[PDB]
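**Student:** Return a 3D structure for these sequence lines:
(chains A, B and C)
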Amino acid sequence: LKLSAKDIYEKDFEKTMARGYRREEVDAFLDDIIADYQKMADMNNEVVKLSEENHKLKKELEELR
Amino acid sequence: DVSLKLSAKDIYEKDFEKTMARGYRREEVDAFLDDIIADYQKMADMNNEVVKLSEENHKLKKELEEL
Amino acid sequence: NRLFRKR
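**Tutor:** Numbers count the residues shown, from 1 in each chain, chains lettered A, B, ... in the order given. Shown next is the structure:
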(Lines give C-alpha, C1' and ligand atoms only; values in the text may rest on other atoms or scores of the structure.)
Protein backbone atom coordinates (compact mmCIF):
# COMPACT_ATOMS: atom_id res chain seq x y z
CA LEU A 1 0.00 0.00 0.00
CA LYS A 2 1.23 3.50 -0.98
CA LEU A 3 -0.70 5.18 1.92
CA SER A 4 -1.63 4.57 5.60
CA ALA A 5 -4.73 5.69 7.55
CA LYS A 6 -2.36 8.29 9.16
CA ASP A 7 -1.07 9.77 5.82
CA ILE A 8 -4.73 10.42 4.75
CA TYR A 9 -5.50 12.10 8.15
CA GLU A 10 -2.28 14.20 7.84
CA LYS A 11 -2.85 15.13 4.15
CA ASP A 12 -3.59 18.82 3.31
CA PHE A 13 -4.57 20.21 -0.14
CA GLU A 14 -4.18 23.79 -1.45
CA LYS A 15 -7.34 25.94 -1.05
CA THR A 16 -8.83 28.05 -3.94
CA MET A 17 -11.89 30.32 -4.64
CA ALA A 18 -11.77 28.97 -8.24
CA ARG A 19 -14.45 26.21 -8.16
CA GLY A 20 -12.58 23.97 -5.64
CA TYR A 21 -14.42 20.96 -4.10
CA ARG A 22 -16.49 21.48 -0.89
CA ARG A 23 -13.92 20.81 1.90
CA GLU A 24 -16.41 19.12 4.28
CA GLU A 25 -17.66 16.82 1.44
CA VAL A 26 -14.01 15.77 0.73
CA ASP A 27 -13.08 15.33 4.46
CA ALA A 28 -16.26 13.30 5.25
CA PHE A 29 -15.46 10.91 2.31
CA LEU A 30 -11.76 10.59 3.35
CA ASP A 31 -12.89 9.79 6.96
CA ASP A 32 -14.80 6.77 5.52
CA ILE A 33 -11.57 5.85 3.58
CA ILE A 34 -9.51 6.27 6.85
CA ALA A 35 -11.84 3.73 8.56
CA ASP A 36 -11.42 1.37 5.51
CA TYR A 37 -7.58 1.66 5.72
CA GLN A 38 -7.74 0.76 9.46
CA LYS A 39 -9.65 -2.40 8.34
CA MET A 40 -7.14 -3.03 5.47
CA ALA A 41 -4.31 -3.11 8.14
CA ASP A 42 -6.11 -5.83 10.21
CA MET A 43 -7.48 -7.76 7.15
CA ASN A 44 -4.75 -10.47 6.69
CA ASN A 45 -5.10 -11.46 10.40
CA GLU A 46 -8.94 -11.42 10.07
CA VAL A 47 -8.67 -13.72 6.98
CA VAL A 48 -6.39 -16.07 9.05
CA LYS A 49 -8.80 -16.07 12.09
CA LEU A 50 -11.83 -16.65 9.78
CA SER A 51 -10.13 -19.60 7.86
CA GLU A 52 -9.14 -21.26 11.23
CA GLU A 53 -12.79 -20.87 12.37
CA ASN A 54 -13.88 -22.09 8.87
CA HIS A 55 -11.72 -25.24 9.45
CA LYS A 56 -12.87 -25.88 13.09
CA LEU A 57 -16.59 -25.57 12.09
CA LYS A 58 -16.04 -28.00 9.09
CA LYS A 59 -14.30 -30.66 11.37
CA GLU A 60 -17.23 -30.42 13.91
CA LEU A 61 -19.77 -30.90 11.02
CA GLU A 62 -18.00 -33.97 9.43
CA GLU A 63 -17.68 -35.54 12.96
CA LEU A 64 -21.50 -35.07 13.48
CA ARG A 65 -22.12 -36.41 9.88
CA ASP B 1 -17.40 -5.28 10.69
CA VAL B 2 -14.11 -6.28 8.94
CA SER B 3 -15.01 -5.84 5.16
CA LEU B 4 -14.52 -2.43 3.37
CA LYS B 5 -17.54 -0.04 3.02
CA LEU B 6 -16.12 1.47 -0.22
CA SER B 7 -14.57 -0.12 -3.38
CA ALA B 8 -12.11 1.27 -5.99
CA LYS B 9 -15.25 1.87 -8.20
CA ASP B 10 -17.11 3.96 -5.50
CA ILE B 11 -14.04 6.27 -5.14
CA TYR B 12 -13.62 6.61 -8.97
CA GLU B 13 -17.38 7.49 -9.33
CA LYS B 14 -17.60 9.88 -6.30
CA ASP B 15 -18.29 13.45 -7.59
CA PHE B 16 -17.80 16.39 -5.12
CA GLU B 17 -19.96 19.57 -5.10
CA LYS B 18 -17.89 22.66 -6.13
CA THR B 19 -17.72 25.89 -4.02
CA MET B 20 -16.74 29.52 -4.93
CA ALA B 21 -15.63 30.01 -1.25
CA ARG B 22 -12.45 28.42 0.25
CA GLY B 23 -12.37 24.92 -1.42
CA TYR B 24 -9.76 22.19 -2.21
CA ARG B 25 -8.03 22.31 -5.65
CA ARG B 26 -9.71 19.52 -7.71
CA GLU B 27 -6.36 18.42 -9.29
CA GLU B 28 -4.82 17.65 -5.83
CA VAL B 29 -7.89 15.80 -4.38
CA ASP B 30 -8.32 13.80 -7.64
CA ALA B 31 -4.57 12.87 -7.74
CA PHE B 32 -4.67 11.78 -4.03
CA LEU B 33 -7.84 9.60 -4.60
CA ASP B 34 -5.92 7.93 -7.52
CA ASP B 35 -3.25 6.64 -5.06
CA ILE B 36 -6.17 5.57 -2.76
CA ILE B 37 -7.83 3.76 -5.72
CA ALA B 38 -4.56 1.81 -6.34
CA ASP B 39 -4.58 0.59 -2.66
CA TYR B 40 -8.30 -0.52 -2.86
CA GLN B 41 -7.33 -2.51 -6.05
CA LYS B 42 -4.42 -4.19 -4.20
CA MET B 43 -6.71 -5.27 -1.30
CA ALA B 44 -9.87 -6.10 -3.39
CA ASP B 45 -9.03 -9.88 -3.54
CA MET B 46 -8.29 -10.23 0.23
CA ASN B 47 -11.52 -8.20 0.93
CA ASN B 48 -13.61 -10.55 -1.34
CA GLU B 49 -12.16 -13.49 0.66
CA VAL B 50 -13.09 -11.86 4.05
CA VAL B 51 -16.74 -11.38 2.86
CA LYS B 52 -16.89 -15.03 1.62
CA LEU B 53 -15.38 -16.55 4.82
CA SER B 54 -17.83 -14.40 6.93
CA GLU B 55 -20.79 -15.64 4.83
CA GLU B 56 -19.54 -19.29 4.85
CA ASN B 57 -18.87 -19.37 8.69
CA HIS B 58 -22.32 -17.83 9.43
CA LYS B 59 -23.95 -20.62 7.28
CA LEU B 60 -21.72 -23.31 8.97
CA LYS B 61 -22.72 -22.03 12.49
CA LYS B 62 -26.42 -22.22 11.33
CA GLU B 63 -25.82 -25.83 10.07
CA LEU B 64 -24.18 -26.88 13.39
CA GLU B 65 -26.96 -25.11 15.39
CA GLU B 66 -29.58 -27.52 13.83
CA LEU B 67 -27.64 -30.75 14.72
CA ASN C 1 -11.22 12.33 11.85
CA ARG C 2 -10.53 15.31 9.46
CA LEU C 3 -14.16 16.61 9.18
CA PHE C 4 -13.74 18.05 12.77
CA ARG C 5 -10.09 19.21 12.34
CA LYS C 6 -10.80 23.03 12.07
CA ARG C 7 -13.10 25.47 14.01
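
**Student:** Contacts only, for the residue in chain A positioned nearest to chain C.
**Tutor:** Of all residues in chain A, residue A:27 sits closest to chain C, at 4.4 Å by C-beta to the nearest C-beta. Placement of C-beta: from N, CA and C, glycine included. Counting by C-beta atoms under 8 Å, 6 or more residues apart in numbering or on different chains, residue A:27 makes contact with C:2-3, C:5.

**Student:** What helix or strand is it located in?
**Tutor:** When elements are defined using DSSP states H and E, residue A:27 is found to belong to helix A:23-64.

**Student:** okay, now residue A:60: neighbour count?
**Tutor:** Neighbours of residue A:60 under the rule other C-beta atoms under 10 Å in any protein chain shown: 14.

**Student:** For the contacts of residue A:27, which entry has the maximal number of neighbours?
**Tutor:** Using other C-beta under 10 Å as the contact criterion, the top neighbour count among those goes to residue C:2, which has 19 neighbours.

**Student:** If you drop the residues flanking it in sequence, what lies closest to that one?
**Tutor:** residue A:27 (4.4 Å; C-beta to C-beta, 6 or more residues apart in numbering or on different chains).

**Student:** residues in chain A within reach of chain C, list them.
**Tutor:** By the rule C-beta under 8 Å from any C-beta of the partner chain, the part of chain A lying against chain C is A:8-9, A:24, A:27-28, A:30-31, A:34.
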